[PDB]
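In the form solved without adenosine-5'-diphosphate, a lone chain appears below as structure tokens.
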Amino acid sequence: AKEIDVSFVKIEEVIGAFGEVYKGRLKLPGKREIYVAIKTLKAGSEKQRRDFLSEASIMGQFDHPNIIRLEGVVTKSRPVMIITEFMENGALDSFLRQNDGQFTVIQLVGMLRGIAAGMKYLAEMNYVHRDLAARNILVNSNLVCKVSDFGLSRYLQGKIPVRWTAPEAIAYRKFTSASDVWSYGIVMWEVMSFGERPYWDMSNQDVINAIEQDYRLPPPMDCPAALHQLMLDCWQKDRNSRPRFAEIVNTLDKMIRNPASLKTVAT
């Protein structure tokens, strides 16, 4: 949480919308200027400010190729800002909708590997993310995916979603790595369907009720059976039966190096 002087921050275009996200530039003194992402908080409470900046605090604890990098913060003026690395291709879900059918299965598995490795590391550092979703994964020009948006994260040492959340985490507020793994399975589905909304237009209560009756998302079109099986493994009712992130990583790497294991289609 490195406190950045506002003179060093130049705010360019708005790239998104309790505040906005901007493309920007940064002239740290002695550094070559770089492009940045600037998340601001609408300037009108102390409590809202603290919980906005806490994301930065948690984000600044990590150093990993698949975790979003923090350049620094602005907290002594308004609006308060969290300044992160600039990710050319935006959010993963809208980026895949923009490139529908135009990445290979191997490329897609590579994106899922990166997300998985980022989560392995977050689980190892003792954090539960609690909001892992394709919209919270950002992608750079080389197609590296980085886990982002640590605002609901918990160090274990508006209208809130439900369709990325484990059944036990919905029903009893019991969030763990194991629940993150459930979310990772939904991200998998989101990737292999090139940015479809989970459960389509099923209501929040329809999702909750369907899950309870052992319904699970059907395989996206042209999805490999092994990938669909990993999704199912991620969505086991009993959380102790779900693979850990280490295992997920290893499974994917096994696919990567055995590409013929990805030719058999589920659906």
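Each residue number is its position in the shown sequence, starting from 1. What we label the rigid core is the largest C-alpha set whose atoms superpose within 1.5 Å from one form to the other.
*Asks:* Coordinates for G158 lacking in at least a third of the other PDB entries compared?
*Replies:* It is, since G158 is left out of at least a third of the other entries that model both flanking stretches.
*Asks:* Answer with none, 1 to 3, 4 to 9, or 10 or more: how many deposited residues between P29 and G30 are not present in the coordinates.
*Replies:* Gap size class: none, per the record.
*Asks:* Check the entry and tell me how many residues of the deposited sequence have no coordinates between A17 and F18: none, 1 to 3, 4 to 9, or 10 or more.
*Replies:* Per the deposited record, the segment joining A17 and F18 lacks coordinates for 1 to 3 residues.
*Asks:* Take the C-alpha B-factors listed in the entry for 68 to 76 and for 133 to 141, compute each mean, and give the stretch with the larger one.
*Replies:* Result of the comparison: 68 to 76.
*Asks:* Could you check which stretch, 29 to 37 or 197 to 205, carries the larger mean CA temperature factor in the entry?
*Replies:* The stretch with the larger mean CA B-factor is 29 to 37.
*Asks:* Looking at the C-alpha B-factor of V21, is it in the lowest, middle or highest third of its chain?
*Replies:* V21: CA B-factor falls in the middle third of its chain.
*Asks:* Test of reading the entry: by CA B factor among the chain's modelled residues, which third contains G185?
*Replies:* Lowest third.
*Asks:* With respect to C-alpha B-factor, does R163 fall in the lowest, middle or highest third of the chain as deposited?
*Replies:* CA B-factor rank for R163: lowest third.
*Asks:* According to the PDB entry, is the CA B factor of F150 in the bottom, middle or top third of its chain, that is, lowest, middle or highest?
*Replies:* Answer is lowest: the recorded C-alpha B-factor places it there.
*Asks:* Grab the CA temperature factor for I11 from the record and place it in the lowest, middle or highest third of its chain.
*Replies:* Its C-alpha B-factor, which the entry lists for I11, ranks in the highest third among residues of this chain.
The discussion below concerns the form solved in complex with adenosine-5'-diphosphate, not included here.
*Asks:* Which listed residue (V207, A37, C223, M231) meets the criterion of a heavy atom within 4.5 Å of adenosine-5'-diphosphate in the bound PDB entry?
*Replies:* None of the other options qualify; the answer is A37.
*Asks:* Looking at the partner-bound form in the bound PDB entry, is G16 within 4.5 Å of adenosine-5'-diphosphate by any heavy atom?
*Replies:* Yes, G16 lies within 4.5 Å of adenosine-5'-diphosphate in the bound PDB entry.
*Asks:* I'd like to know whether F175 contacts adenosine-5'-diphosphate in the bound PDB entry, with contact meaning heavy atoms within 4.5 angstroms.
*Replies:* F175: no, not in contact with adenosine-5'-diphosphate in the bound PDB entry.
*Asks:* Does adenosine-5'-diphosphate come within 4.5 Å of any heavy atom of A246 in the bound PDB entry?
*Replies:* Residue-level check for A246: no, no contact with adenosine-5'-diphosphate.
*Asks:* Using a 4.5 angstroms cut-off on non-hydrogen atoms, would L138 count as touching adenosine-5'-diphosphate in the bound PDB entry?
*Replies:* Within the cut-off, so yes.
*Asks:* Non-hydrogen atoms within 4.5 angstroms of adenosine-5'-diphosphate in the bound PDB entry: do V128, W164 and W189 all have one?
*Replies:* Not a single residue of the candidate spot has a heavy atom within 4.5 Å of adenosine-5'-diphosphate in the bound PDB entry.
*Asks:* Please name which of the stretches 86 to 94, 175 to 183, 191 to 199, 113 to 121 has residues with heavy atoms lying within 4.5 Å of adenosine-5'-diphosphate in the bound PDB entry.
*Replies:* Correct option: 86 to 94.
*Asks:* For 45 to 67: residues with a non-hydrogen atom within 4.5 angstroms of adenosine-5'-diphosphate in the bound PDB entry?
*Replies:* Contacts from 45 to 67: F52, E55.
*Asks:* Have a look at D206, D222, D51, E212 and give me the residue whose C-alpha moves 2 Å or more between the shown form and the other one, with the fit done on the rigid core.
*Replies:* Looking at each option in turn, only one qualifies, and it is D51.
*Asks:* If I superpose the two forms on their rigid core, does the C-alpha of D63 end up displaced by 2 Å or more between the shown form and the other one?
*Replies:* No, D63 moves less than 2 Å.
*Asks:* Using a superposition on the rigid core, decide whether the Cα position of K76 changes by 2 angstroms or more between the shown form and the other one.
*Replies:* True for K76: a C-alpha shift of 2 Å or more.
*Asks:* On a rigid core superposition, would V9 pass a 2 Å threshold for CA movement between the shown form and the other one?
*Replies:* True for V9: a C-alpha shift of 2 Å or more.
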